[PDB]
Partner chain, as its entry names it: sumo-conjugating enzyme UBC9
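Only one chain is shown below, in structure tokens, and it's the form solved without its partner chain.
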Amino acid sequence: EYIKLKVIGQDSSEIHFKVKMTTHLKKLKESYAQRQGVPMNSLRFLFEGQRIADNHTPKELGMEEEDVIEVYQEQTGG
């Protein structure tokens, strides 16, 4: 019962993540930052423009298969 989320970076690159509806999104943020080789707190992760918290889950955010997460530099970063 995974959904696949597409994570889009500042440079238009994509990394997809298969997650459960109950997965704490901290797991995704940490993995993504690791693969980019930057500290996790230098980034902010947005779903439809709203900030994804470590303890948010896809269910709480109303996410579904194929949904996009955008990654921006943290604004006081961070």
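Numbering follows the first chain given and starts at 1.
Annotation for 6-14 versus 63-71: the higher mean temperature factor (C-alpha) is found in 6-14. The PDB entry records a higher mean C-alpha B factor for 31-39 than for its counterpart among 45-53 and 31-39.
Beyond the structure shown, there is the form deposited with its partner chain bound, which is absent from this document and is the topic of what follows.
Of the residues in 56-78, only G78 comes within 4.5 Å of its partner chain in the deposited bound form through at least one heavy atom.
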